[PDB]
């Protein structure tokens, strides 16, 4: 029973690190799933940028906005961890450049600029509702949204709700084909999760992921795994309440990646 074994492995991993760990995995090949705390709330932190890019792409699909539109912004708009938008402030950036900066590089000002085209955090929440997600809510902008206070509903998702969004966006009909590919490309080009889920994957497997990190020992990684020989796999991993270093948190997420990859391989072999 690969799903039961994966869930036991997650429970042991969570306990030995003193964290609260939320995971949802769904293999599109076997259609099998496993989870831990999949319906509990966790802070999104930078992972909201996946949804913000999805909402911008959906607007582009409908003609409600354009990826080629030039967005101007000021030095006053720059927030921490904005390595792309900061240097380009005087010239501005197009919406597609901002989507890429937010998703591939986790650029915080880029995330805020995307939100400014969507109606702010309320618009991102409305977008999640339109995807059938009744749990996710964004309430603050960068970097206030990273507070990650236990019990606080603001700026949270659930592992299952976010996995559902990943399915609709990357594998379902929430985006047209060209936009689906753009989002996959931005996720697959990211390096920010090299020591997180990706570090746990077998050679020849790929992940297009969106990382995040916040207060109260919060560290997240969500995305789509494309295995060496299998259909895609949805994965959402939210870790919080760690008292350990960032590197130690990253290693827990790498182990989640190993647990997930083994379950997928076992389903494929019929183990």
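Positions refer to the first chain, counted from 1.
Stretches compared: 176-184, 126-134. Higher mean C-alpha B-factor in the entry: 176-184. Look at the C-alpha B-factors of 152-160 and of 74-82. On average they run higher in 74-82. Taking the deposited Cα B-factors for 36, 41, 246, 228, the highest one is held by 228. Ranking 110, 141, 197, 118 by Cα temperature factor from the entry places 118 first. Residue 49: CA B factor lies in the lowest third for its chain, per the PDB record.
Residue-level temperature factors show residue 89 in the highest third of its chain, judged at the C-alpha atom. Residue 57: CA B factor lies in the middle third for its chain, per the PDB record. Sorting the modelled residues of the chain by their CA temperature factor places residue 190 in the middle third. Ranked against the other modelled residues of its chain, the C-alpha B-factor of residue 259 as given in the entry falls in the lowest third.
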